[PDB]
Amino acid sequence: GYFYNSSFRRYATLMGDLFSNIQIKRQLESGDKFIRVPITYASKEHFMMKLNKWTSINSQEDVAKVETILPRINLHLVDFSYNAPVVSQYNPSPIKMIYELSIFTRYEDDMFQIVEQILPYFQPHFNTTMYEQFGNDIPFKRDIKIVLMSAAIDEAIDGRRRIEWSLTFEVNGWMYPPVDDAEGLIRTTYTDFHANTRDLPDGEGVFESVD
């Protein structure tokens, strides 16, 4: 029920999965608890609407169930353009994609931990080699440059309430016409922030559903 080999989907999942494995330390009496930051893919307005819905105190079980919601990260595509350096598709087209990575947090410390886990890997760019194999052929080698373009710090108060920092990223990637899922599912690998060759998980696995 979705175009699996979509190039946009692959870039969405790649970006999401780079930021999928981020935890914050939270000290308890019995001991330190490390919690994973759940990440979604959605238009920002959408996400924020639904976030205002979850954070709403309707009953007594909600009062507690409120601090499990934050911290979280929302991801979205916001712009793209041709990337000015016989047919077209591997050899493919140099495209350039703009992503907003929106971190939301109830505690400045939460934010500090998270961003400290992101920010140092972009100087200002972070390279990743991606391998996309078609059926059983030799995989393709796509050089992917991800550039940290800018950051944006903001709040939204009520008495605490909610800290929001947004990073903007430029992916220098590759576009080509759709290759039907029926012609075979694309196998994809990439190098993470430590040059560790992870293989790209299916979409359904990286993003929690806002729905």
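Residue positions are given as counts along the sequence shown, with the first one as 1.
J.: Comparing 25-33 with 174-182, where is the mean C-alpha B-factor higher?
T.: The recorded data point to 25-33.
J.: Between 136-144 and 93-101, which has the larger average Cα B-factor in the PDB entry?
T.: On average, C-alpha B-factors are higher across 136-144.
J.: Tell me which of 40, 168, 60, 43 tops the list for C-alpha B factor in the record.
T.: Highest C-alpha B-factor among the listed options: 60.
J.: From 163, 151, 66, 48, which pick has the Cα B-factor that tops the rest in the entry?
T.: Comparing C-alpha B-factors across 163, 151, 66, 48, the top value belongs to 66.
J.: Among all modelled residues of this chain, ranked by Cα B factor, put residue 13 in the bottom, middle or top third, i.e. lowest, middle or highest.
T.: Residue 13: CA B-factor falls in the lowest third of its chain.
J.: Going by what the PDB entry lists, where does residue 123 fall on CA B-factor within its chain: lowest, middle or highest third?
T.: As the PDB entry reports it, the C-alpha B-factor of residue 123 lands in the middle third of its chain.
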